[PDB]
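Structure first, then comments.
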Amino acid sequence: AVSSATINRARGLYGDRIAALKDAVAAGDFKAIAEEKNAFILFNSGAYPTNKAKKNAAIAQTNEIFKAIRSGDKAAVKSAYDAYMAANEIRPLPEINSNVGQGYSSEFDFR
């Protein structure tokens, strides 16, 4: 049930769902983050099927994101989110469709 493929699939798909939250994090759109709870769970379990230390760390960092969300502190949420991504080698998505706000409509930016 665990293989190099399952690890890559989880890291790719769920890591990308998490990276895609960049705009929501910037905007303080905490609902979007809460709507990706499963991406956090399945990244943490699928990327770390055997390494309990890394999984425990990832769960703690996830909890930190949600503690910050409950505080309503946008800066704290961004700090926790960035820390989680950096610690777990989840790379941000290419920021040249993050051409957001540079002359194109909001409909274009978020479609």
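Identifiers in this document derive from the order of the structure tokens: chains are assigned A, B, ..., residues are numbered from 1 separately in each chain, and ligands are numbered from 1 in order of occurrence.
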query: Using the chain letters and numbers from this document, which residues of chain A does DSSP assign to alpha helix (DSSP H), as a ChimeraX atom specification?
result: /A:4-19,22-27,30-35,37-47,52-71,74-87,106-110
- prompt: Which polymer residues have any atom within 6 Å of an atom of range 17-31 of chain A, counting only C-alpha atoms, with same-chain residues fewer than 2 positions away left out, as number ranges by chain?
  reply: A: 14-15, 33-34, 74, 78, 92
N, CA, C and O atoms of the current selection, written as a PDB file, in the first residue's frame:
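result_20.pdb, written as the output of this step:
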ATOM      1  N   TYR A  14      -1.353  16.662  -3.197  1.00  0.00           N
ATOM      2  CA  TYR A  14      -1.773  17.385  -1.997  1.00  0.00           C
ATOM      3  C   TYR A  14      -0.842  18.566  -1.741  1.00  0.00           C
ATOM      4  O   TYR A  14      -1.295  19.637  -1.316  1.00  0.00           O
ATOM      5  N   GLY A  15       0.451  18.389  -2.020  1.00  0.00           N
ATOM      6  CA  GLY A  15       1.355  19.510  -1.921  1.00  0.00           C
ATOM      7  C   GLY A  15       0.915  20.634  -2.841  1.00  0.00           C
ATOM      8  O   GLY A  15       0.984  21.800  -2.451  1.00  0.00           O
ATOM      9  N   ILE A  33      -8.588  27.806   3.226  1.00  0.00           N
ATOM     10  CA  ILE A  33      -7.599  26.979   3.890  1.00  0.00           C
ATOM     11  C   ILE A  33      -8.324  25.856   4.618  1.00  0.00           C
ATOM     12  O   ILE A  33      -7.953  24.691   4.492  1.00  0.00           O
ATOM     13  N   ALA A  34      -9.368  26.197   5.361  1.00  0.00           N
ATOM     14  CA  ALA A  34     -10.143  25.172   6.057  1.00  0.00           C
ATOM     15  C   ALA A  34     -10.764  24.165   5.089  1.00  0.00           C
ATOM     16  O   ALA A  34     -10.937  22.991   5.419  1.00  0.00           O
ATOM     17  N   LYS A  74      -3.773  37.452  10.239  1.00  0.00           N
ATOM     18  CA  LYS A  74      -3.342  37.139   8.878  1.00  0.00           C
ATOM     19  C   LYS A  74      -1.829  36.905   8.787  1.00  0.00           C
ATOM     20  O   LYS A  74      -1.366  35.986   8.098  1.00  0.00           O
ATOM     21  N   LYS A  78       0.103  33.488   7.667  1.00  0.00           N
ATOM     22  CA  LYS A  78       1.111  33.425   6.611  1.00  0.00           C
ATOM     23  C   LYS A  78       2.424  32.831   7.119  1.00  0.00           C
ATOM     24  O   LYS A  78       3.051  32.020   6.432  1.00  0.00           O
ATOM     25  N   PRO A  92       6.383  26.578  -3.789  1.00  0.00           N
ATOM     26  CA  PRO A  92       5.304  27.432  -4.285  1.00  0.00           C
ATOM     27  C   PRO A  92       5.042  27.187  -5.765  1.00  0.00           C
ATOM     28  O   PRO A  92       5.870  26.600  -6.464  1.00  0.00           O
TER      29      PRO A  92
END
message: I'd like the neighbourhood of residue 88 in chain A as a VMD selection string, where a residue qualifies if any of its atoms comes within 10 Å (using only C-alpha atoms), though same-chain residues fewer than 6 positions away should be ignored.
response: chain A and resid 11 15 43 to 44 47 to 48 54 to 55 57 to 58 61 82
Next, write the just-selected residues to a file, as a JSON list (two decimals), in the first residue's frame, keeping N, CA and C atoms as the atom set.
[["chain", "number", "residue", "atom", "x", "y", "z"],
["A", 11, "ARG", "N", 2.63, 13.77, -2.39],
["A", 11, "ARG", "CA", 3.40, 15.01, -2.35],
["A", 11, "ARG", "C", 2.99, 15.94, -3.48],
["A", 15, "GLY", "N", 0.45, 18.39, -2.02],
["A", 15, "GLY", "CA", 1.35, 19.51, -1.92],
["A", 15, "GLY", "C", 0.91, 20.63, -2.84],
["A", 43, "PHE", "N", -1.50, 14.89, 2.67],
["A", 43, "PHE", "CA", -0.08, 15.16, 2.49],
["A", 43, "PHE", "C", 0.69, 14.58, 3.65],
["A", 44, "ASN", "N", 0.27, 14.90, 4.87],
["A", 44, "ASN", "CA", 1.03, 14.46, 6.01],
["A", 44, "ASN", "C", 1.13, 12.93, 6.11],
["A", 47, "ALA", "N", 2.88, 11.58, 2.28],
["A", 47, "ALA", "CA", 4.28, 11.95, 2.09],
["A", 47, "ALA", "C", 5.18, 11.28, 3.12],
["A", 48, "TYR", "N", 4.63, 10.98, 4.29],
["A", 48, "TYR", "CA", 5.38, 10.38, 5.38],
["A", 48, "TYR", "C", 4.76, 9.09, 5.91],
["A", 54, "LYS", "N", 8.85, 13.01, 11.03],
["A", 54, "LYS", "CA", 8.42, 13.99, 10.04],
["A", 54, "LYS", "C", 6.91, 14.16, 10.03],
["A", 55, "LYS", "N", 6.18, 13.06, 10.16],
["A", 55, "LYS", "CA", 4.73, 13.14, 10.23],
["A", 55, "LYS", "C", 4.29, 13.94, 11.46],
["A", 57, "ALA", "N", 5.90, 16.18, 13.07],
["A", 57, "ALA", "CA", 6.25, 17.58, 12.85],
["A", 57, "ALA", "C", 5.24, 18.25, 11.92],
["A", 58, "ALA", "N", 4.85, 17.54, 10.88],
["A", 58, "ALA", "CA", 3.92, 18.08, 9.90],
["A", 58, "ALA", "C", 2.55, 18.32, 10.51],
["A", 61, "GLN", "N", 2.81, 21.45, 12.64],
["A", 61, "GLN", "CA", 2.84, 22.66, 11.81],
["A", 61, "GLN", "C", 1.46, 22.97, 11.24],
["A", 82, "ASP", "N", 3.91, 29.40, 5.52],
["A", 82, "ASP", "CA", 5.24, 29.40, 4.93],
["A", 82, "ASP", "C", 6.16, 28.42, 5.67]]
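Taking CA of residue 76 in chain A as the reference point, CA of residue 42 in chain A is found at 23.3 Å.
Across A:111, A:69, A:51, A:103, the tightest approach to residue 32 in chain A is made by A:69 when counting only C-alpha atoms.
The gap separating CA of residue 65 in chain A from CA of residue 95 in chain A is 22.4 Å, in Å to one decimal.
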